[PDB]
């Protein structure tokens, strides 16, 4: 539909496989995206896509709500735990931000820090997919 998918998912492979898809509605596009993401792209592609995002607490818009409500204290712990999380899991903390505060997200990060690396990899994959779905609606609603 438009290889501007590298923006709608930092995964080159996902963008590629989507670029060559027989155009469909805004609904079928969602379903075809999830199947490719969850069953076709490999772990390496998931990692590329995660890296494309700014950490939670930095800027590069899903974070508008969090910034319209942030605090130096939240931005502080955040900048610190992001470092801790990257060291432990190998990729940055991924979460679909939106109506979320930096405080709630800092808490979700601390919480998730205690997961096994393999499980954090599944949760991030899911959070990434939600972000992608969110951005696809923005392309089809327009």
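Numbering follows the first chain given and starts at 1.
- Going from residue 60 to residue 61, the model skips 10 or more deposited residues, which lack coordinates.
- Mean C-alpha B-factor is higher over 25-33 than over the other stretch, the pair under comparison being 86-94 and 25-33.
- Comparing 9-17 with 130-138, the higher mean C-alpha B-factor in the PDB entry belongs to 9-17.
- When the modelled residues of the chain are ordered by C-alpha B-factor, residue 45 sits in the lowest third.
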